[PDB]
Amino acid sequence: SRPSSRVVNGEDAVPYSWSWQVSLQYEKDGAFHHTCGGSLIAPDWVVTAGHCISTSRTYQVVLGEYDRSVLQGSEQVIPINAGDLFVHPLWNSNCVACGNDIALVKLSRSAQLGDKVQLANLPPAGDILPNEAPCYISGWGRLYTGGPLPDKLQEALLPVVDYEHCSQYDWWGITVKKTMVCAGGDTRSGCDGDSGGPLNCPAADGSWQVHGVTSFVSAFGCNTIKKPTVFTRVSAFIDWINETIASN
């Protein structure tokens, strides 16, 4: 109908509220396609999951996006130069349960930071959340396979599950490491996120902190009781993150 009036309704995130959300896209037959979530952590740096990188591909990240089906003027498109990807050296595609599933992408040209686009807030090293911590996932739902994807940025209340609550044999057993965060695990769904998407938590300050980086979900679905969305603890990788940004 030409530009239909913007309707935020249902589980749509408030436009631009999650201002550090980013979209990692691969090139294909001339066009890019959303593949993972990510968080703008530095003027010209982005953190996302390690498995979202396929070295043989051309990537770009989109900033200031909400409705992927509608140009809105806030979007910024940044082509990611050949060798500007940065997967952790310990990430091993043959042991997902081993953790260390993180990576960083240096932007070719720096983000225009403003009211609509903003830098995330990283936890302090080794920082750890309490059981039942009230965190919010955000994404375009690619974690979900059985149905059509959202055009608008979505969100969900995925309260974290502490280690000794996420380790219990009938949950994620010996598969979960002290380097990962679990969120949800109940009737509340986790399908509104993307691989590499943020697990934002409300800091002790009022501001929000990117505590996680979506790694994996259950084979049975992104909404399986006792099998919470496993995230990579972005605090365990504070040393690494900083040097990479530094040394490069």
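Sequential numbering from 1, following the sequence displayed.
On average the C-alpha atoms of 205-213 have higher B-factors than those of the other stretch, with 44-52 and 205-213 being the two compared. Among the modelled residues of its chain, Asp186 has a C-alpha B-factor that falls in the highest third, as given in the PDB entry. Compared with the other modelled residues of the chain, the Cα B-factor recorded for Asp127 ranks in the middle third.
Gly139 sits in the lowest third of its chain by CA B factor, as recorded in the PDB entry. The deposited CA B-factor of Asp115 belongs to the highest third of values across its chain. Looking at the C-alpha B-factors along this chain, the one for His34 belongs to the lowest third.
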